[PDB]
Amino acid sequence: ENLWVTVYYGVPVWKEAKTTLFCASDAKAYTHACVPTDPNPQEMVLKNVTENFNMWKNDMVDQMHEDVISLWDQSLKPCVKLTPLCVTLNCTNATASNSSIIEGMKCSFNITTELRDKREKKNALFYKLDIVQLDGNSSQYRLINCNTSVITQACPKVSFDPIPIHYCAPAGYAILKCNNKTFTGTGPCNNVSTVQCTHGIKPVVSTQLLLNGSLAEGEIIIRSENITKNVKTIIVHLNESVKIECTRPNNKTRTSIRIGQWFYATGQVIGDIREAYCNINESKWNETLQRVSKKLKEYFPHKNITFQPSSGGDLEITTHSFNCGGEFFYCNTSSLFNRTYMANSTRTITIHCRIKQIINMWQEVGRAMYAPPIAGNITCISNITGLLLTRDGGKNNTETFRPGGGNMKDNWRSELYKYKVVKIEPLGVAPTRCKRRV
Amino acid sequence: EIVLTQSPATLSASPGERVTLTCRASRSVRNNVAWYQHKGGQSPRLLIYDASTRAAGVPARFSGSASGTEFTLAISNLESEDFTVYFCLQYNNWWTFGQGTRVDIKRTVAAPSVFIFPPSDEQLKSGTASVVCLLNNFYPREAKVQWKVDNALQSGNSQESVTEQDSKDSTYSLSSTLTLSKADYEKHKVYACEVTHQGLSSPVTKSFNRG
Amino acid sequence: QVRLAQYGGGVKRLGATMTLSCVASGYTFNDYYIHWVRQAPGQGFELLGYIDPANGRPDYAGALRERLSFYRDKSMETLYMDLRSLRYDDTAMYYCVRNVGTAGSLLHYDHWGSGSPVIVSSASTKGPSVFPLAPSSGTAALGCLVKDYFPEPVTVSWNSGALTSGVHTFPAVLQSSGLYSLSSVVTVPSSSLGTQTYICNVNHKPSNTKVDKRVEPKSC
Ligand SMILES: *[C@@H]1O[C@H](CO)[C@@H](O[C@@H]2O[C@H](CO)[C@@H](O[C@@H]3O[C@H](CO)[C@@H](O)[C@H](O[C@H]4O[C@H](CO)[C@@H](O)[C@H](O)[C@@H]4O)[C@@H]3O)[C@H](O)[C@H]2NC(C)=O)[C@H](O)[C@H]1NC(C)=O
Ligand SMILES: *[C@@H]1O[C@H](CO)[C@@H](O[C@@H]2O[C@H](CO)[C@@H](O[C@@H]3O[C@H](CO)[C@@H](O)[C@H](O)[C@@H]3O)[C@H](O)[C@H]2NC(C)=O)[C@H](O)[C@H]1NC(C)=O
Ligand SMILES: *[C@@H]1O[C@H](CO)[C@@H](O[C@@H]2O[C@H](CO)[C@@H](O[C@@H]3O[C@H](CO)[C@@H](O)[C@H](O)[C@@H]3O)[C@H](O)[C@H]2NC(C)=O)[C@H](O)[C@H]1NC(C)=O
Ligand SMILES: *[C@@H]1O[C@H](CO)[C@@H](O[C@@H]2O[C@H](CO)[C@@H](O)[C@H](O)[C@H]2NC(C)=O)[C@H](O)[C@H]1NC(C)=O
Ligand SMILES: *[C@@H]1O[C@H](CO)[C@@H](O)[C@H](O)[C@H]1NC(C)=O
């Protein structure tokens with residue numbers, strides 16, 4: 001009795017809610033280039049804070065996805081449009097000795113170029129995956145997407161790379177960071193910590209596996225949704241990073257055509273010809289697969305585990321896809337996913353790989369991009385961190401897992417699992433035995 | 001691997017009643033169950049998509065609830081239009097479908113008028129010996145027919161057909177056929193249609209011999 | 001609002017390869033998994049497989065992974081299914097169905113397609129044979145077994161269509177031979193067997209053969 005109402009401000013109590021998060025860019029770079037300012041995020045471990053997490057449900061993954069789209073749109077906006085290049089192609093492609101690999105070879109056509117009364121013959125090379133065959137004589141070809149979308153050449157001076165990004169909440173909202181070392185994507189976290197901003201997440205763009213990300217604290221971690229076994233994607237996150245290396249040993253020649261926007265095409269190739277390929281530490285790879293199999297048969301009690309390469313679908317999912325700088329790759333990944341199971345740099349694997357220029361935009365089709373050729377020979381090196389698997393149902397008595405993960409949002413889904421955002425509720429009340437004085 | 005046994009085969013009722021349908025899971029499927037309406041040969045339609053949650057646009061009279069591993073659809077007021085087929089569905093694992101259950105008009109019980117037919121001798125010259133039963137104007141749907149020729153039951157080489165409830169008196173009509181070659185027809189002597197139906201106490205048998 | 005039209009189907013010859021298709025009306029082509037489910041006659045439904053429209057990834061039931069194939073053309077918002085080497089039992093109706101998918105799981109089907117019947121048979125067009133299901137010889141049944149006609153439909157009536165009392169006609173049974181058949185019966189008093197005229201006015205439109213087959217003669 002006599003417990004008079006009292007009020008308290010600055011209260012530590014919060015709730016879940018969506019909000020618009022700040023991005024943050026590096027101090028050096030090539031909206032994004034100079035801003036927002038590079039932070040110095042701190043972090044406290046909180047004593048007894050118990051919070052639940054859900055890496056499938058949280059909103060900010062969608063915001064990452066939208067921001068990536070918007071930034072790509074802004075970067076691509078001032079670049080040239082390749083619409084006048086849509087003319088009929090009359091090409092036979094038998095000049096160089098190693099003809100069959102590319103089969104677009106000085107590939108001829110007409111362009112309007114300097115004077116609009118004039119029309120001039122030109123030619124350049126193309127990889128046949130960027131080409132479709134018209135009816136009648138095979139010499140008649142067309143650009144692949146030109147009957148369905150408008151193609152923009154990438155701005156060569158604005159080459160973009162997986163620059164790390166830190167995400168910062170606004171005032172009144174705090175980002176909760178689970179420090180648990182064996183978090184499965186759902187359930188309580190007893191090791192809650194808070195920060196101004198997230199660490200520097202990179203916008204990696206790849207399929208069937210991811211190339212640049214973080215690593216797990218424990219052993220290889222399995223994360224999947226648990227509403228039903230009939231899942232879309234299963235995320236496997238490596239603790240032991242494994243190196244992968246790739247090469248494009250042939251030397252390219254850049255050539256230019258002006259519309260006065262400078263269109264770039266592929267000139268004559270220099271040096272003897274090889275098919276672009278990759279390399280993998282052979283023992284390390286299927287040591288890691290053995291670890292992943294041992295982890296994976298924990299969930300599934302008493303059934304075999306086996307891998308096969310993906311079947312059907314576009315080139316973006318039938319092959320591992322990634323990019324060394326300003327070139328794009330599609331590596332025929334049959335050998336890597338052919339083990340089977342039941343209830344340290346020797347013997348290096350190599351795998352064949354193809355490259356193509358005209359890329360349907362990753363998140364969604366209907367808008368087309370053209371990457372100008374990169375001169376000379378190219379290699380890039382990365383160290384993978386996880387796999388994107390999907391389970392083939394139906395087959396009784398035998399599980400089967402195959403490389404999928406073509407949907408671009410899953411890459412950032414597998415990396416933003418750390419965090420959650422909460423609205424602060426600074427105002428609260430309580431009973432107490434003291435009242436105002438008149 | 002997961003099999004939904006949907007029971008009973010058929011439910012007789014009159015308009016406005018409460019009627020219940022059940023779906024049995026072979027093993028646990030969590031709450032990952034749904035129900036659908038099936039029209040007279042059209043696109044099926046969604047009724048209840050979680051174990052109890054009714055789908056959008058469905059009339060409120062449709063309802064269902066979880067019962068552990070059993071699942072149950074209940075319609076409060078079985079209207080005239082709802083006398084049709086419904087089937088359950090689970091999605092905890094690979095997708096599977098139940099056999100479905102019909103809801104039909106209720107009436108008094110009535111046994112079939114049983115008849116048997118030997119092959120037409122006009123047919124028999126070609127050797128396509130066909131032997132036919134008939135189970136006309138019975139009720140309820142629950143019925144079976146067993147082809148017994150010689151002193152032995154027969155199976156595999158027979159087929160059945162069942163009509164809709166006759167609109168006037170709501171009684172079904174059923175016929176069965178047996179397929180035999182000329183040598184097959186000649187090798188056996190006794191021929192019989194054995195009829196078991198709920199309105200009949202004991203198997204009523206109509207039979208003949210060749211010639 | 002959302003519609004899933006279908007085309008293709010009809011008759012397909014034994015051992016042939018056939019192609020169905022579904023045209024997705026405008027909801028959003030890339031957000032919803034599509035499943036191909038079928039129904040054999042007198043049987044419950046079963047699933048064949050599902051295709052993600054976005055990336056085109058298929059996945060099949062274990063018993064048909066050698067014979068099936070799915071793929072799409074995203075620009076046209078169109079889907080295709082190829083089934084190779086049709087066998088007899090594959091005579092069935094084939095449906096497209098949209099699937100409601102969450103961020104990481106697939107749940108159920110909400111909108112079904114308009115359907116696409118298919119029948120496997122090598123039979124050419126061919127007209128029925130008709131035979132008297134002779135009366136047993138107070139009330140005795142008598143009927144006409146209509147045999148081995150192709151394709152559907154078939155037309156049956158009694159006594160120039162006049163005799164309507166007590167008449168039933170069962171639906172068409174697709175035999176193992178790829179040919180259809182049915183039975184039409186009528187129940188009458190035994191006295192009428194020796195006095196009244198009985199006919200089955202059988203007609204088969206694809207062949208345009210018509211027979212007014214007598215049923216009375218074997219009243220013995
Ligand atoms: C822009 O051009 C591209 C091609 O450069 C075009 O894509 C093509 O679309 C057609 C149909 O629109 C696809 O054709 C299919 O091919 C498969 C085998 O590859 C066949 O099984 C299909 O058969 C069905 O359809 C036929 C009618 O086309 C029927 O006759 C047949 O019986 C089947 O029902 C079908 O032929 C073709 O595969 C794609 N090409 C690629 C490379 O994907 C695109 O449609 C054009 N843009 C627009 C807006 O149309
Ligand atoms: C993450 O993946 C990227 C590639 O997908 C790796 O970055 C790339 O690393 C190579 C060297 O290993 C860089 O090559 C050099 O680039 C400069 C700048 O153009 C060039 O002048 C040099 O001649 C050389 O080619 C490359 O630029 C760089 N970036 C890209 C987009 O390829 C990165 O190494 C991976 N992460 C880790 C931790 O390794
Ligand atoms: C990834 O690499 C594997 C190789 O390990 C590729 O598999 C091969 O694909 C070819 C496709 O032509 C298969 O050829 C087949 O030949 C038979 C006749 O024997 C023919 O009937 C088939 O229609 C087909 O043409 C070849 O057998 C197969 N090899 C193996 C070992 O399976 C795969 O295609 C590559 N995937 C991508 C997306 O590049
Ligand atoms: C890493 O992979 C190699 C290549 O498969 C393994 O060696 C072969 O394994 C297959 C079965 O997967 C056997 O049929 C071969 O006889 C093995 N030897 C050769 C020369 O092919 C190797 O064992 C794997 N490493 C580890 C540590 O398991
Ligand atoms: C997997 O290895 C077996 C070994 O006999 C081989 O037959 C099969 O073609 C291989 N599959 C792939 C996809 O490499």
# chains A, B, ... in the order shown; residues from 1 in each chain; ligands from 1
$ residues_around --residues "residue 121 in chain C" --least-positions-apart "4" --cutoff "9 Å" --atoms "only C-alpha atoms" --output "JSON, numbers by chain"
{"C": [11, 12, 13, 14, 87, 88, 91, 177, 178, 179]}
$ interface_residues --of "chain C" --to "chain B" --cutoff "9 Å" --atoms "only C-alpha atoms" --output "PyMOL selection string"
chain C and resi 43-47+95+106-115+129-136+140-142+145+168-173+182-183+185+187
$ write_last_selection --atoms "N, CA, C and O atoms" --output "short mmCIF file (atom, residue, chain, number, x, y, z; two decimals), in the first residue's frame"
data_model
loop_
_atom_site.label_atom_id
_atom_site.label_comp_id
_atom_site.auth_asym_id
_atom_site.auth_seq_id
_atom_site.Cartn_x
_atom_site.Cartn_y
_atom_site.Cartn_z
N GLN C 43 -7.07 -43.29 -58.52
CA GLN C 43 -5.94 -43.29 -57.61
C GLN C 43 -5.78 -41.90 -57.01
O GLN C 43 -6.31 -40.91 -57.52
N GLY C 44 -5.03 -41.84 -55.91
CA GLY C 44 -4.70 -40.56 -55.33
C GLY C 44 -3.57 -39.87 -56.07
O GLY C 44 -2.80 -40.48 -56.80
N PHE C 45 -3.49 -38.56 -55.86
CA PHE C 45 -2.45 -37.76 -56.49
C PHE C 45 -1.06 -38.22 -56.06
O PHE C 45 -0.89 -38.94 -55.07
N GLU C 46 -0.07 -37.80 -56.83
CA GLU C 46 1.33 -37.98 -56.47
C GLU C 46 2.14 -36.90 -57.18
O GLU C 46 1.70 -36.34 -58.18
N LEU C 47 3.32 -36.62 -56.64
CA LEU C 47 4.18 -35.57 -57.16
C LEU C 47 5.22 -36.17 -58.10
O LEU C 47 5.69 -37.29 -57.90
N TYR C 95 -1.11 -31.64 -63.68
CA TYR C 95 -1.42 -30.32 -63.16
C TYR C 95 -0.15 -29.54 -62.89
O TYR C 95 0.85 -30.09 -62.42
N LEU C 106 9.72 -24.47 -48.08
CA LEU C 106 8.57 -24.61 -48.96
C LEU C 106 7.44 -25.25 -48.17
O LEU C 106 7.67 -26.23 -47.44
N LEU C 107 6.23 -24.71 -48.30
CA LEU C 107 5.13 -25.05 -47.41
C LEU C 107 4.01 -25.83 -48.09
O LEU C 107 3.75 -26.97 -47.70
N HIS C 108 3.35 -25.29 -49.10
CA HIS C 108 2.15 -25.95 -49.60
C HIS C 108 1.73 -25.32 -50.92
O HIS C 108 2.40 -24.42 -51.44
N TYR C 109 0.61 -25.81 -51.46
CA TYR C 109 0.07 -25.38 -52.73
C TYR C 109 -1.21 -24.59 -52.47
O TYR C 109 -2.03 -25.01 -51.65
N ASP C 110 -1.36 -23.46 -53.17
CA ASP C 110 -2.53 -22.60 -53.00
C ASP C 110 -3.42 -22.52 -54.23
O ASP C 110 -4.64 -22.65 -54.11
N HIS C 111 -2.85 -22.31 -55.41
CA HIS C 111 -3.60 -22.17 -56.66
C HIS C 111 -3.18 -23.27 -57.62
O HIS C 111 -2.00 -23.37 -57.97
N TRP C 112 -4.14 -24.08 -58.05
CA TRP C 112 -3.88 -25.14 -59.00
C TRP C 112 -4.17 -24.67 -60.42
O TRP C 112 -4.85 -23.67 -60.64
N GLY C 113 -3.62 -25.40 -61.38
CA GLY C 113 -3.81 -25.08 -62.78
C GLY C 113 -5.14 -25.59 -63.29
O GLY C 113 -5.92 -26.22 -62.59
N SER C 114 -5.40 -25.30 -64.57
CA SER C 114 -6.65 -25.69 -65.19
C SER C 114 -6.68 -27.15 -65.62
O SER C 114 -7.72 -27.62 -66.08
N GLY C 115 -5.57 -27.88 -65.49
CA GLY C 115 -5.52 -29.28 -65.83
C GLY C 115 -5.09 -29.54 -67.26
O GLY C 115 -5.10 -28.66 -68.12
N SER C 129 -18.00 -52.41 -81.05
CA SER C 129 -18.85 -53.58 -81.19
C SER C 129 -19.86 -53.57 -80.05
O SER C 129 -19.60 -53.07 -78.96
N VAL C 130 -21.04 -54.14 -80.33
CA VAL C 130 -22.14 -54.16 -79.38
C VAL C 130 -22.65 -55.59 -79.28
O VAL C 130 -22.76 -56.29 -80.29
N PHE C 131 -22.95 -56.02 -78.06
CA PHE C 131 -23.39 -57.37 -77.77
C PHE C 131 -24.53 -57.31 -76.76
O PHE C 131 -24.57 -56.39 -75.93
N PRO C 132 -25.46 -58.28 -76.78
CA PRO C 132 -26.54 -58.27 -75.79
C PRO C 132 -26.16 -58.94 -74.48
O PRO C 132 -25.86 -60.14 -74.47
N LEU C 133 -26.17 -58.19 -73.38
CA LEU C 133 -26.12 -58.82 -72.07
C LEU C 133 -27.47 -59.46 -71.81
O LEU C 133 -28.40 -58.81 -71.33
N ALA C 134 -27.58 -60.75 -72.14
CA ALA C 134 -28.89 -61.38 -72.26
C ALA C 134 -29.58 -61.44 -70.89
O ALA C 134 -28.92 -61.66 -69.88
N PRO C 135 -30.91 -61.27 -70.84
CA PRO C 135 -31.59 -61.40 -69.55
C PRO C 135 -31.49 -62.81 -69.00
O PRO C 135 -31.46 -63.79 -69.75
N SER C 136 -31.43 -62.91 -67.67
CA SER C 136 -31.39 -64.21 -67.01
C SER C 136 -32.68 -64.97 -67.28
O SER C 136 -33.75 -64.58 -66.79
N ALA C 140 -35.76 -58.90 -64.20
CA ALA C 140 -34.47 -59.34 -64.70
C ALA C 140 -33.82 -58.21 -65.49
O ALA C 140 -34.49 -57.48 -66.22
N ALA C 141 -32.50 -58.08 -65.33
CA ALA C 141 -31.75 -57.02 -65.99
C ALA C 141 -31.29 -57.47 -67.37
O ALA C 141 -31.05 -58.65 -67.61
N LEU C 142 -31.17 -56.50 -68.27
CA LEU C 142 -30.67 -56.74 -69.62
C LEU C 142 -29.98 -55.48 -70.11
O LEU C 142 -30.47 -54.37 -69.87
N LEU C 145 -23.17 -54.55 -73.76
CA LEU C 145 -21.75 -54.38 -73.51
C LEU C 145 -21.10 -53.79 -74.76
O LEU C 145 -20.90 -54.50 -75.75
N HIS C 168 -29.37 -47.29 -66.76
CA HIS C 168 -28.10 -46.77 -66.28
C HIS C 168 -27.02 -47.08 -67.31
O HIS C 168 -27.08 -48.10 -68.00
N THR C 169 -26.04 -46.19 -67.40
CA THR C 169 -24.91 -46.35 -68.30
C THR C 169 -23.65 -45.96 -67.56
O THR C 169 -23.49 -44.81 -67.15
N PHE C 170 -22.75 -46.93 -67.39
CA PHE C 170 -21.53 -46.72 -66.62
C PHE C 170 -20.50 -45.97 -67.46
O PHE C 170 -20.53 -46.04 -68.69
N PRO C 171 -19.58 -45.24 -66.83
CA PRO C 171 -18.59 -44.49 -67.60
C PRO C 171 -17.64 -45.41 -68.35
O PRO C 171 -17.65 -46.63 -68.19
N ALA C 172 -16.81 -44.80 -69.19
CA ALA C 172 -15.96 -45.55 -70.12
C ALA C 172 -14.76 -46.12 -69.39
O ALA C 172 -14.02 -45.39 -68.71
N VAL C 173 -14.55 -47.43 -69.53
CA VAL C 173 -13.39 -48.11 -68.99
C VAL C 173 -12.33 -48.18 -70.08
O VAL C 173 -12.57 -48.71 -71.17
N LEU C 182 -17.89 -49.78 -72.33
CA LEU C 182 -18.80 -49.51 -71.23
C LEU C 182 -20.00 -50.44 -71.35
O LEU C 182 -20.15 -51.17 -72.34
N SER C 183 -20.86 -50.41 -70.34
CA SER C 183 -22.06 -51.23 -70.28
C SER C 183 -23.25 -50.36 -69.91
O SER C 183 -23.17 -49.56 -68.97
N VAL C 185 -27.40 -50.79 -69.02
CA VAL C 185 -28.31 -51.82 -68.55
C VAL C 185 -29.68 -51.20 -68.27
O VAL C 185 -29.82 -49.99 -68.09
N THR C 187 -33.50 -52.59 -66.16
CA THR C 187 -34.23 -53.60 -65.40
C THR C 187 -35.71 -53.51 -65.74
O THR C 187 -36.29 -52.42 -65.68
#
$ select_by_dssp --residues "range 52-194 of chain C" --states "helix (DSSP H, G or I)" --output "PyMOL selection string"
chain C and resi 62-64+74-76+88-90+190-193
$ write_last_selection --atoms "N, CA and C atoms" --output "mmCIF file, in the first residue's frame"
data_model
loop_
_atom_site.group_PDB
_atom_site.id
_atom_site.type_symbol
_atom_site.label_atom_id
_atom_site.label_comp_id
_atom_site.auth_asym_id
_atom_site.auth_seq_id
_atom_site.Cartn_x
_atom_site.Cartn_y
_atom_site.Cartn_z
ATOM 1 N N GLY C 62 12.047 -40.074 -57.155
ATOM 2 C CA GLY C 62 13.076 -41.074 -57.378
ATOM 3 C C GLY C 62 12.737 -42.076 -58.463
ATOM 4 N N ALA C 63 11.450 -42.322 -58.693
ATOM 5 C CA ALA C 63 11.025 -43.355 -59.628
ATOM 6 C C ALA C 63 10.945 -42.875 -61.072
ATOM 7 N N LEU C 64 11.222 -41.594 -61.345
ATOM 8 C CA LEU C 64 11.108 -41.054 -62.696
ATOM 9 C C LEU C 64 12.257 -40.112 -63.041
ATOM 10 N N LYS C 74 12.134 -17.619 -68.996
ATOM 11 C CA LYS C 74 11.681 -16.602 -68.054
ATOM 12 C C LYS C 74 11.031 -15.419 -68.757
ATOM 13 N N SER C 75 11.477 -15.094 -69.971
ATOM 14 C CA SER C 75 10.944 -13.923 -70.658
ATOM 15 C C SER C 75 9.458 -14.084 -70.951
ATOM 16 N N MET C 76 9.046 -15.273 -71.378
ATOM 17 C CA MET C 76 7.657 -15.545 -71.712
ATOM 18 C C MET C 76 6.811 -15.909 -70.497
ATOM 19 N N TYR C 88 1.951 -47.365 -70.505
ATOM 20 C CA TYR C 88 0.494 -47.407 -70.432
ATOM 21 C C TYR C 88 -0.014 -46.761 -69.149
ATOM 22 N N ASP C 89 0.630 -47.058 -68.019
ATOM 23 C CA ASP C 89 0.121 -46.591 -66.736
ATOM 24 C C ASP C 89 0.180 -45.077 -66.596
ATOM 25 N N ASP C 90 0.984 -44.395 -67.409
ATOM 26 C CA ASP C 90 1.068 -42.945 -67.323
ATOM 27 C C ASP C 90 -0.161 -42.240 -67.874
ATOM 28 N N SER C 190 -40.154 -59.638 -65.943
ATOM 29 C CA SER C 190 -39.926 -60.806 -66.789
ATOM 30 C C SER C 190 -40.958 -60.908 -67.905
ATOM 31 N N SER C 191 -42.190 -60.456 -67.654
ATOM 32 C CA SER C 191 -43.231 -60.526 -68.674
ATOM 33 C C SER C 191 -42.865 -59.692 -69.894
ATOM 34 N N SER C 192 -42.266 -58.521 -69.671
ATOM 35 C CA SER C 192 -41.898 -57.643 -70.773
ATOM 36 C C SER C 192 -40.846 -58.254 -71.690
ATOM 37 N N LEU C 193 -40.096 -59.254 -71.214
ATOM 38 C CA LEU C 193 -39.082 -59.881 -72.058
ATOM 39 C C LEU C 193 -39.710 -60.553 -73.270
#
$ residues_around --residues "residue 159 in chain A" --least-positions-apart "4" --cutoff "12 Å" --atoms "only C-alpha atoms" --output "ChimeraX atom specification"
/A:29-30,33,72,75-76,79,153-155,163,324-327,371-372,374
$ closest_residue --among "C:105, C:39, C:99, C:196" --to "chain A" --atoms "only C-alpha atoms"
C:105
$ residues_near_ligand --ligand "ligand 3" --cutoff "8 Å" --atoms "only C-alpha atoms and all ligand atoms" --output "JSON, numbers by chain"
{"A": [309, 310, 311, 315, 318, 319, 331, 332, 333, 334, 335]}
$ interface_residues --of "chain A" --to "chain C" --cutoff "7 Å" --atoms "only C-alpha atoms" --output "PyMOL selection string"
chain A and resi 56+225+227-228+230-233+312-314+392+394-395+406
$ residues_near_ligand --ligand "ligand 1" --cutoff "10 Å" --atoms "only C-alpha atoms and all ligand atoms" --output "CSV table (one decimal) with C-alpha atoms, in the first residue's frame"
chain,number,residue,atom,x,y,z
A,129,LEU,CA,27.9,-18.2,-75.0
A,131,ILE,CA,25.7,-15.4,-79.0
A,132,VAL,CA,22.6,-17.1,-80.4
A,133,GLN,CA,22.1,-18.6,-83.9
A,134,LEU,CA,19.5,-17.1,-86.3
A,141,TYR,CA,23.8,-14.5,-85.4
A,142,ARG,CA,22.4,-12.1,-82.8
A,143,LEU,CA,23.4,-10.8,-79.4
A,144,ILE,CA,21.9,-13.1,-76.8
A,145,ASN,CA,19.8,-10.6,-74.7
A,146,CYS,CA,19.2,-7.9,-77.4
A,147,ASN,CA,15.8,-9.4,-78.3
A,148,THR,CA,14.7,-9.1,-74.7
A,149,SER,CA,16.6,-6.3,-72.8
A,314,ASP,CA,21.3,-21.9,-66.0
A,366,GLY,CA,15.5,-8.5,-67.7
C,7,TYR,CA,-2.0,-26.5,-73.1
C,8,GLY,CA,-0.8,-29.7,-74.8
C,18,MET,CA,5.2,-35.6,-75.0
C,19,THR,CA,5.4,-32.0,-73.9
C,20,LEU,CA,3.1,-30.0,-71.6
C,21,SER,CA,3.3,-26.4,-70.7
C,22,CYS,CA,1.8,-23.8,-68.3
C,69,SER,CA,12.8,-33.1,-67.6
C,70,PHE,CA,11.8,-29.5,-66.6
C,71,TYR,CA,12.9,-26.2,-67.9
C,72,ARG,CA,11.6,-22.7,-68.4
C,73,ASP,CA,11.8,-19.5,-70.5
C,74,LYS,CA,11.7,-16.6,-68.1
C,75,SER,CA,10.9,-13.9,-70.7
C,76,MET,CA,7.7,-15.5,-71.7
C,77,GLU,CA,6.7,-16.5,-68.1
C,78,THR,CA,6.3,-20.0,-69.5
C,79,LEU,CA,7.2,-23.5,-68.2
C,80,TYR,CA,7.6,-26.8,-70.0
C,81,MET,CA,7.7,-30.5,-69.0
C,82,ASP,CA,9.1,-33.3,-71.1
$ residues_near_ligand --ligand "ligand 4" --cutoff "12 Å" --atoms "only C-alpha atoms and all ligand atoms" --output "list in words"
residues 280, 281, 282, 283, 284, 285, 286, 287, 288, 289, 290, 291, 293, 306, 307, 335, 336, 337, 338, 339, 340, 341, 344, 345, 346, 347, 348 and 349 of chain A
$ write_last_selection --atoms "N, CA and C atoms" --output "short mmCIF file (atom, residue, chain, number, x, y, z; two decimals), in the first residue's frame"
data_model
loop_
_atom_site.label_atom_id
_atom_site.label_comp_id
_atom_site.auth_asym_id
_atom_site.auth_seq_id
_atom_site.Cartn_x
_atom_site.Cartn_y
_atom_site.Cartn_z
N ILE A 280 43.06 -26.60 -56.66
CA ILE A 280 42.57 -26.85 -55.30
C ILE A 280 43.56 -27.78 -54.60
N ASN A 281 43.82 -27.50 -53.33
CA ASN A 281 44.60 -28.41 -52.50
C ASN A 281 43.82 -29.71 -52.35
N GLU A 282 44.33 -30.77 -52.97
CA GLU A 282 43.54 -31.98 -53.18
C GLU A 282 43.22 -32.68 -51.87
N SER A 283 44.23 -32.90 -51.03
CA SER A 283 44.00 -33.56 -49.75
C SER A 283 43.08 -32.72 -48.88
N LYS A 284 43.30 -31.41 -48.86
CA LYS A 284 42.50 -30.52 -48.03
C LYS A 284 41.03 -30.58 -48.40
N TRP A 285 40.74 -30.66 -49.70
CA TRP A 285 39.36 -30.57 -50.16
C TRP A 285 38.51 -31.70 -49.59
N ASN A 286 38.88 -32.95 -49.87
CA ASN A 286 38.08 -34.06 -49.39
C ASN A 286 38.51 -34.57 -48.02
N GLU A 287 39.43 -33.87 -47.35
CA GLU A 287 39.43 -33.89 -45.89
C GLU A 287 38.28 -33.04 -45.35
N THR A 288 38.10 -31.85 -45.92
CA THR A 288 37.01 -30.98 -45.51
C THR A 288 35.66 -31.62 -45.80
N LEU A 289 35.54 -32.30 -46.94
CA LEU A 289 34.28 -32.97 -47.25
C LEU A 289 33.99 -34.07 -46.24
N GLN A 290 35.02 -34.78 -45.78
CA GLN A 290 34.80 -35.78 -44.74
C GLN A 290 34.30 -35.13 -43.46
N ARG A 291 34.90 -34.00 -43.07
CA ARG A 291 34.40 -33.28 -41.90
C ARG A 291 32.94 -32.86 -42.09
N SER A 293 30.69 -34.20 -44.03
CA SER A 293 29.83 -35.38 -43.98
C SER A 293 29.59 -35.81 -42.54
N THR A 306 25.75 -38.53 -49.85
CA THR A 306 26.41 -38.59 -51.15
C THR A 306 26.26 -37.24 -51.83
N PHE A 307 27.25 -36.90 -52.65
CA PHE A 307 27.27 -35.67 -53.41
C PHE A 307 27.28 -35.97 -54.90
N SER A 335 34.05 -32.75 -60.58
CA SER A 335 34.96 -33.58 -59.81
C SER A 335 34.85 -33.32 -58.31
N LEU A 336 34.49 -32.10 -57.91
CA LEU A 336 34.57 -31.73 -56.51
C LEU A 336 33.44 -32.30 -55.66
N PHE A 337 32.31 -32.67 -56.27
CA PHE A 337 31.13 -33.09 -55.54
C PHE A 337 30.69 -34.49 -55.94
N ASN A 338 31.62 -35.45 -55.98
CA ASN A 338 31.32 -36.81 -56.42
C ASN A 338 31.65 -37.88 -55.38
N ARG A 339 31.94 -37.50 -54.14
CA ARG A 339 32.20 -38.50 -53.12
C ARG A 339 30.90 -39.16 -52.66
N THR A 340 31.06 -40.22 -51.87
CA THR A 340 29.94 -40.89 -51.22
C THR A 340 30.43 -41.46 -49.90
N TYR A 341 29.52 -41.55 -48.93
CA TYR A 341 29.87 -41.95 -47.57
C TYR A 341 28.78 -42.86 -47.02
N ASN A 344 50.30 -31.34 -46.88
CA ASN A 344 48.86 -31.38 -47.12
C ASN A 344 48.49 -30.53 -48.33
N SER A 345 49.35 -30.56 -49.36
CA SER A 345 49.12 -29.80 -50.58
C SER A 345 49.52 -30.58 -51.83
N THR A 346 49.54 -31.91 -51.77
CA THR A 346 49.99 -32.73 -52.88
C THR A 346 48.82 -33.09 -53.81
N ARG A 347 49.18 -33.53 -55.02
CA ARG A 347 48.22 -34.10 -55.97
C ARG A 347 47.15 -33.10 -56.38
N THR A 348 47.57 -31.86 -56.66
CA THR A 348 46.66 -30.73 -56.86
C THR A 348 45.60 -31.01 -57.92
N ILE A 349 44.33 -30.84 -57.53
CA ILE A 349 43.23 -30.94 -58.47
C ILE A 349 43.25 -29.74 -59.41
#
